[PDB]
Each structure stands twice: as structure tokens, then as C-alpha cells.
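Working notes for the structure below.
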Amino acid sequence: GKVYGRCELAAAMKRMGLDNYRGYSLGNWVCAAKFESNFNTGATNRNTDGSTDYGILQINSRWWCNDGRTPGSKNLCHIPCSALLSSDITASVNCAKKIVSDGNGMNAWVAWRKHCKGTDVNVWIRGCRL
């Protein structure tokens, strides 16, 4: 589990095809990861309902991944939640693509909605030479 750099993560996400995935430019995804986890792939947050949020994009164990300890995990991304704490963002990015395609866009992420939606997201990739 590592803390990525901003341009480091922008480059990895660009490579994985997130740029304009579902109409969302890259700065959206980099802003969302900054505010969801401060770029830390190992972050976990436990919730009052017994679900936990895993990794760089704080993906929740009730809906998206299965950790074994969560009431009625749908496991919609078909992954163990531990896969989402790896230094390699691949599992997180592929599950994030199912989440943004679920019908509510990037609004599935509370941090994106509060801290990124409606701000200038272009700044999050400035300087990166992508």
C-alpha cells in the first residue's frame, strides 16, 4: 500500500483509461482520490453499519467488494476488499468503472460531490506532462 504522488497517480489512471471514462475528465478522478484517501492506497474507514471503505477510492464493502465481515455484501465488483489495498491501483480502477456506470455517475463518491464537483478540476493534472 503506498501513498502515490499526484502526477504519478494521474499517469497511472490515464494509462488505465479513466480519462473521460463516462464523461469524467481525469482531474475528476485525481481530485476524488485526493479527498477520499489523500492518495493512500492502504486507507480503510469503518462505518456504523459494519461496512468498511477500502483503498484509494474508498470503496465500500456492503456493495462492491467482499471482506467476509459485512452484513449482506453484494460483491458487485467481484473482488475481495483486500485487493483494493494493494499498491497497484488496477483492482480499484476496474471496480471504480463499475461504480461510475451504476446510474449515478461520480456522485457515488461523497468526497467528489463535496470537494470536487463544481470546482476547477483541471488544476489537478497541471504540471504533469501527460
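Quick note: numbers below take in every heavy atom, side chains included, and nothing from hydrogens, waters or symmetry partners. The chain is numbered in sequence order, starting from 1.
Every residue meeting the ring pair (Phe, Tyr, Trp, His ring centres under 6.0 Å) condition with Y24, not counting sequence neighbours, appears here in chain and number order: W112. Among residues two or more places apart in sequence or in another chain, the side-chain contact (heavy atoms from CB on, under 4.5 Å) test is passed with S51 by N47, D49, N60, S61, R62, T70. Evaluation of the side chain to side chain donor-acceptor pair (under 3.5 Å) rule for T90 yields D88 as partners, not counting sequence neighbours. Shown here are the side-chain contact (heavy atoms from CB on, under 4.5 Å) partners of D120, two or more places apart in sequence or in another chain: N122, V123. In this structure, the salt bridge (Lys or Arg N to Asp or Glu O under 4.0 Å) partners of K2, at least two apart in sequence or on a different chain, are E8. Listed by chain and residue number, nothing satisfies the side chain to side chain donor-acceptor pair (under 3.5 Å) test with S87 (two or more places apart in sequence, or in another chain). Remark: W64 engages no residue in a ring pair (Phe, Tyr, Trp, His ring centres under 6.0 Å) (not counting sequence neighbours). Applying the side chain to side chain donor-acceptor pair (under 3.5 Å) rule to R126 yields no partners; only residues at least two apart in sequence or on another chain are considered. By the side chain to side chain donor-acceptor pair (under 3.5 Å) test, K34 pairs with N38, sequence neighbours left out. Checked against side-chain contact (heavy atoms from CB on, under 4.5 Å), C31 has the following partners two or more places apart in sequence or in another chain: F35, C116, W124.
Screening residues 84-110 for ring-ring contact (aromatic ring centres under 6.0 Å, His included), with sequence neighbours left out, gives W29-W109.
Using a 4.5 Å cut-off on side-chain heavy atoms (C-beta onward), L85 and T44 make contact.
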Which atom pairs, donor and acceptor, lie under 3.5 Å between side-chain atoms of residues 94-106 and protein residues at least two apart or in another chain?
from	atom 1	to	atom 2	distance (Å)
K97	NZ	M16	O	2.9
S101	OG	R22	NE	3.4
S101	OG	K97	O	2.7

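Side-chain atoms of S92 never come within 3.5 Å of backbone atoms of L57 as a donor-acceptor pair (strictly under, hydrogens ignored).
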